[PDB]
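Engineer: Supplied structure: entry.tsv, TSV, N, CA and C atoms.
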chain	number	residue	atom	x	y	z
A	311	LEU	N	113.45	95.79	110.50
A	311	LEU	CA	112.88	97.13	110.62
A	311	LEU	C	111.85	97.41	109.53
A	312	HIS	N	110.76	96.65	109.54
A	312	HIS	CA	109.69	96.81	108.56
A	312	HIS	C	108.81	98.01	108.85
A	313	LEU	N	109.11	98.77	109.91
A	313	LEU	CA	108.35	99.98	110.23
A	313	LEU	C	108.85	101.21	109.48
A	314	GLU	N	110.13	101.26	109.11
A	314	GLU	CA	110.62	102.41	108.35
A	314	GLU	C	110.09	102.38	106.92
A	315	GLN	N	110.07	101.20	106.29
A	315	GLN	CA	109.51	101.08	104.95
A	315	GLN	C	108.00	101.34	104.94
A	316	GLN	N	107.32	101.07	106.06
A	316	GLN	CA	105.88	101.30	106.15
A	316	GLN	C	105.55	102.78	106.30
A	317	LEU	N	106.46	103.57	106.89
A	317	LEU	CA	106.31	105.02	106.95
A	317	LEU	C	106.87	105.72	105.72
A	318	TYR	N	107.63	105.02	104.86
A	318	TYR	CA	108.16	105.63	103.65
A	318	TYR	C	107.08	105.82	102.58
A	319	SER	N	106.02	105.00	102.61
A	319	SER	CA	104.95	105.10	101.62
A	319	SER	C	103.55	105.25	102.23
A	320	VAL	N	103.44	105.47	103.54
A	320	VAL	CA	102.15	105.78	104.16
A	320	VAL	C	101.94	107.28	104.41
A	321	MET	N	103.00	108.08	104.46
A	321	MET	CA	102.85	109.53	104.54
A	321	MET	C	103.16	110.11	103.16
A	322	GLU	N	103.39	109.21	102.20
A	322	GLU	CA	103.43	109.54	100.78
A	322	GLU	C	102.05	109.53	100.13
A	323	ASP	N	101.05	108.94	100.80
A	323	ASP	CA	99.64	109.06	100.42
A	323	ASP	C	99.04	110.36	100.92
A	324	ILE	N	99.59	110.93	102.00
A	324	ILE	CA	99.13	112.24	102.45
A	324	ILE	C	99.61	113.32	101.50
A	325	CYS	N	100.81	113.15	100.92
A	325	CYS	CA	101.37	114.14	100.00
A	325	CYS	C	100.61	114.17	98.67
A	326	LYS	N	100.53	113.02	97.98
A	326	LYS	CA	99.77	112.97	96.73
A	326	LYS	C	98.36	113.51	96.93
A	327	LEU	N	97.80	113.31	98.13
A	327	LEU	CA	96.50	113.90	98.44
A	327	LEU	C	96.57	115.41	98.39
A	328	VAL	N	97.66	115.98	98.94
A	328	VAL	CA	97.89	117.42	98.87
A	328	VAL	C	97.97	117.88	97.42
A	329	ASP	N	98.34	116.98	96.49
A	329	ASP	CA	98.51	117.37	95.10
A	329	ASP	C	97.19	117.63	94.37
A	330	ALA	N	96.07	117.06	94.84
A	330	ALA	CA	94.81	117.07	94.09
A	330	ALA	C	94.04	118.39	94.20
A	331	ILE	N	94.67	119.47	93.72
A	331	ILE	CA	93.96	120.67	93.27
A	331	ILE	C	94.67	121.22	92.03
A	332	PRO	N	94.99	120.38	91.02
A	332	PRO	CA	95.88	120.80	89.92
A	332	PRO	C	95.15	121.09	88.62
B	320	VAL	N	113.40	116.58	104.06
B	320	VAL	CA	112.65	115.62	103.27
B	320	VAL	C	111.40	116.27	102.69
B	321	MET	N	110.38	115.45	102.45
B	321	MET	CA	109.14	115.91	101.84
B	321	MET	C	108.03	116.13	102.86
B	322	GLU	N	108.23	115.56	104.06
B	322	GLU	CA	107.26	115.51	105.15
B	322	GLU	C	107.44	116.62	106.20
B	323	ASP	N	108.28	117.63	105.94
B	323	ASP	CA	108.03	118.91	106.58
B	323	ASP	C	106.75	119.54	106.04
B	324	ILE	N	106.26	119.06	104.89
B	324	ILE	CA	104.89	119.34	104.47
B	324	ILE	C	103.90	118.68	105.43
B	325	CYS	N	103.96	117.35	105.57
B	325	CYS	CA	103.06	116.62	106.46
B	325	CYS	C	103.19	117.05	107.91
B	326	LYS	N	104.25	117.79	108.24
B	326	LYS	CA	104.32	118.48	109.52
B	326	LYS	C	103.22	119.54	109.61
B	327	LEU	N	102.92	120.19	108.48
B	327	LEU	CA	101.84	121.17	108.37
B	327	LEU	C	100.46	120.53	108.14
B	328	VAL	N	100.39	119.24	107.83
B	328	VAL	CA	99.09	118.59	107.64
B	328	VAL	C	98.54	118.02	108.95
B	329	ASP	N	99.41	117.63	109.88
B	329	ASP	CA	98.97	117.28	111.23
B	329	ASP	C	98.63	118.51	112.06
B	330	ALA	N	98.60	119.69	111.43
B	330	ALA	CA	98.35	120.95	112.11
B	330	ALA	C	97.05	121.64	111.69
B	331	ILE	N	96.42	121.22	110.59
B	331	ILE	CA	95.15	121.79	110.16
B	331	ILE	C	94.11	121.50	111.25
B	332	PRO	N	93.45	122.52	111.80
B	332	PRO	CA	92.46	122.27	112.86
B	332	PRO	C	91.30	121.43	112.35
B	333	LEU	N	90.59	120.81	113.29
B	333	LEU	CA	89.43	119.99	112.94
B	333	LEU	C	88.25	120.83	112.44
B	334	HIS	N	88.18	122.12	112.80
B	334	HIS	CA	87.15	122.99	112.24
B	334	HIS	C	87.45	123.35	110.79
B	335	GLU	N	88.73	123.63	110.48
B	335	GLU	CA	89.15	124.02	109.14
B	335	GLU	C	89.35	122.84	108.20
B	336	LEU	N	89.24	121.60	108.69
B	336	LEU	CA	89.48	120.40	107.89
B	336	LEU	C	88.25	119.92	107.13
B	337	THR	N	87.07	120.47	107.40
B	337	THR	CA	85.86	120.07	106.70
B	337	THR	C	85.69	120.73	105.34
B	338	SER	N	86.54	121.69	104.97
B	338	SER	CA	86.43	122.40	103.70
B	338	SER	C	87.08	121.68	102.53
B	339	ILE	N	87.73	120.54	102.76
B	339	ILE	CA	88.36	119.74	101.70
B	339	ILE	C	87.69	118.38	101.66
B	340	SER	N	87.43	117.88	100.44
B	340	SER	CA	86.63	116.67	100.27
B	340	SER	C	87.44	115.38	100.39
B	341	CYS	N	88.77	115.46	100.37
B	341	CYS	CA	89.62	114.28	100.48
B	341	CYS	C	89.88	113.87	101.93
B	342	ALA	N	89.24	114.54	102.90
B	342	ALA	CA	89.62	114.40	104.30
B	342	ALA	C	89.09	113.13	104.97
B	343	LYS	N	88.03	112.53	104.43
B	343	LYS	CA	87.50	111.29	105.00
B	343	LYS	C	88.60	110.24	105.13
B	344	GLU	N	89.40	110.08	104.08
B	344	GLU	CA	90.49	109.11	104.08
B	344	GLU	C	91.85	109.73	104.35
B	345	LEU	N	92.12	110.93	103.85
B	345	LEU	CA	93.42	111.55	104.14
B	345	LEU	C	93.34	112.42	105.39
B	346	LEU	N	92.84	111.82	106.47
B	346	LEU	CA	93.14	112.20	107.84
B	346	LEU	C	93.43	110.99	108.70
B	347	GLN	N	93.07	109.79	108.23
B	347	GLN	CA	93.58	108.53	108.77
B	347	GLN	C	95.03	108.31	108.38
B	348	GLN	N	95.54	109.06	107.40
B	348	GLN	CA	96.98	109.08	107.18
B	348	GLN	C	97.68	109.92	108.24
B	349	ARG	N	96.98	110.88	108.85
B	349	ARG	CA	97.55	111.63	109.96
B	349	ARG	C	97.61	110.77	111.23
B	350	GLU	N	96.49	110.13	111.59
B	350	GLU	CA	96.42	109.35	112.81
B	350	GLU	C	97.14	108.00	112.71
B	351	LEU	N	97.63	107.62	111.52
B	351	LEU	CA	98.43	106.42	111.37
B	351	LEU	C	99.93	106.70	111.28
B	352	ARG	N	100.32	107.85	110.71
B	352	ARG	CA	101.72	108.27	110.71
B	352	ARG	C	102.20	108.66	112.10
B	353	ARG	N	101.30	108.69	113.09
B	353	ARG	CA	101.58	109.05	114.48
B	353	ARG	C	101.70	107.85	115.40
B	354	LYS	N	100.99	106.75	115.11
B	354	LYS	CA	101.21	105.48	115.81
B	354	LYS	C	102.47	104.78	115.34
B	355	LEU	N	102.88	105.01	114.08
B	355	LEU	CA	104.10	104.41	113.54
B	355	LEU	C	105.34	105.18	113.97
B	356	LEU	N	105.24	106.51	114.09
B	356	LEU	CA	106.34	107.29	114.64
B	356	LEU	C	106.58	106.92	116.10
B	357	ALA	N	105.52	106.53	116.82
B	357	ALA	CA	105.52	106.24	118.25
B	357	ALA	C	106.04	104.86	118.60
B	358	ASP	N	106.42	104.05	117.60
B	358	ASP	CA	106.90	102.69	117.81
B	358	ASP	C	108.42	102.62	117.90
B	359	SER	N	109.07	103.69	118.35
B	359	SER	CA	110.50	103.68	118.62
B	359	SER	C	110.85	102.73	119.77
Re-express the file's structure as structure tokens.
Structural biologist:
Amino acid sequence: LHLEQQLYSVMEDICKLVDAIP
Amino acid sequence: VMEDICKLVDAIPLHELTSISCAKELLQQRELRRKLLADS
């Protein structure tokens, strides 16, 4: 199940992106 | 989890998405988190 680990850190790049108005 | 946030990021309209400069690359995170969810 290499697809769950791939979604664990690919929608974690969308979040850190949300962080960049600090 | 943390992605009830990203639930709100797949919802920003395409007209309202041009006002942020990170969107060139952080909208391919939207269209890729949707092909991977679809691989059930």
Engineer: If you take all atoms listed in the file and a cut-off of 8 Å, which residues of chain B touch chain A, and what are their nearest atom pairs and distances in Å to one decimal, in chain and number order, as JSON lines?
Structural biologist:
{"residue": "B:321", "atom": "C", "partner": "A:325", "partner_atom": "CA", "distance": 7.5}
{"residue": "B:322", "atom": "CA", "partner": "A:321", "partner_atom": "C", "distance": 7.1}
{"residue": "B:324", "atom": "C", "partner": "A:325", "partner_atom": "CA", "distance": 7.5}
{"residue": "B:325", "atom": "CA", "partner": "A:324", "partner_atom": "C", "distance": 6.9}
{"residue": "B:341", "atom": "CA", "partner": "A:327", "partner_atom": "CA", "distance": 7.2}
{"residue": "B:344", "atom": "C", "partner": "A:324", "partner_atom": "CA", "distance": 7.9}
{"residue": "B:345", "atom": "CA", "partner": "A:324", "partner_atom": "CA", "distance": 6.0}
{"residue": "B:346", "atom": "N", "partner": "A:324", "partner_atom": "CA", "distance": 7.5}
{"residue": "B:348", "atom": "CA", "partner": "A:320", "partner_atom": "C", "distance": 6.0}
{"residue": "B:349", "atom": "N", "partner": "A:324", "partner_atom": "CA", "distance": 6.9}
{"residue": "B:351", "atom": "C", "partner": "A:320", "partner_atom": "C", "distance": 7.2}
{"residue": "B:352", "atom": "CA", "partner": "A:320", "partner_atom": "C", "distance": 6.4}
{"residue": "B:355", "atom": "C", "partner": "A:313", "partner_atom": "C", "distance": 6.9}
{"residue": "B:356", "atom": "N", "partner": "A:317", "partner_atom": "CA", "distance": 7.4}
Engineer: Using atom N of residue 357 in chain B and atom C of residue 332 in chain B as the two end points, give the distance in Å to one decimal.
Structural biologist: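 Separation of atom N of residue 357 in chain B and atom C of residue 332 in chain B: 21.1 Å.
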Engineer: Rounded to one decimal in Å, what is the spacing between atom N of residue 336 in chain B and CA of residue 320 in chain B?
Structural biologist: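 A separation of 24.8 Å between them.
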Engineer: What does the structure give for the distance between atom N of residue 359 in chain B and atom C of residue 342 in chain B, in Å to one decimal?
Structural biologist: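 About the pair atom N of residue 359 in chain B and atom C of residue 342 in chain B: they are 25.8 Å apart.
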Engineer: Quick one: pick out all helix (DSSP H, G or I) residues within chain A from a backbone DSSP run and write them as a short mmCIF file (atom, residue, chain, number, x, y, z; two decimals) with N, CA and C atoms, in the coordinates of the input.
Structural biologist:
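So the final result, stored in part.cif, reads:
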data_model
loop_
_atom_site.label_atom_id
_atom_site.label_comp_id
_atom_site.auth_asym_id
_atom_site.auth_seq_id
_atom_site.Cartn_x
_atom_site.Cartn_y
_atom_site.Cartn_z
N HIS A 312 110.76 96.65 109.54
CA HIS A 312 109.69 96.81 108.56
C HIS A 312 108.81 98.01 108.85
N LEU A 313 109.11 98.77 109.91
CA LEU A 313 108.35 99.98 110.23
C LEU A 313 108.85 101.21 109.48
N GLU A 314 110.13 101.26 109.11
CA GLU A 314 110.62 102.41 108.35
C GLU A 314 110.09 102.38 106.92
N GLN A 315 110.07 101.20 106.29
CA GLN A 315 109.51 101.08 104.95
C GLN A 315 108.00 101.34 104.94
N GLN A 316 107.32 101.07 106.06
CA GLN A 316 105.88 101.30 106.15
C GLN A 316 105.55 102.78 106.30
N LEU A 317 106.46 103.57 106.89
CA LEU A 317 106.31 105.02 106.95
C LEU A 317 106.87 105.72 105.72
N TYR A 318 107.63 105.02 104.86
CA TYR A 318 108.16 105.63 103.65
C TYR A 318 107.08 105.82 102.58
N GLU A 322 103.39 109.21 102.20
CA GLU A 322 103.43 109.54 100.78
C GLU A 322 102.05 109.53 100.13
N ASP A 323 101.05 108.94 100.80
CA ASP A 323 99.64 109.06 100.42
C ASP A 323 99.04 110.36 100.92
N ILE A 324 99.59 110.93 102.00
CA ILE A 324 99.13 112.24 102.45
C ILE A 324 99.61 113.32 101.50
N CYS A 325 100.81 113.15 100.92
CA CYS A 325 101.37 114.14 100.00
C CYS A 325 100.61 114.17 98.67
N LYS A 326 100.53 113.02 97.98
CA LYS A 326 99.77 112.97 96.73
C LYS A 326 98.36 113.51 96.93
N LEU A 327 97.80 113.31 98.13
CA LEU A 327 96.50 113.90 98.44
C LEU A 327 96.57 115.41 98.39
N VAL A 328 97.66 115.98 98.94
CA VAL A 328 97.89 117.42 98.87
C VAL A 328 97.97 117.88 97.42
N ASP A 329 98.34 116.98 96.49
CA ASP A 329 98.51 117.37 95.10
C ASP A 329 97.19 117.63 94.37
#
Engineer: Once 6 Å is added on each side, what centre and edge lengths in Å to one decimal does the axis-aligned box around all listed atoms of range 316-325 of chain A have, as lines of an AutoDock Vina configuration file?
Structural biologist:
center_x = 103.6
center_y = 107.6
center_z = 102.8
size_x = 21.1
size_y = 25.1
size_z = 20.3
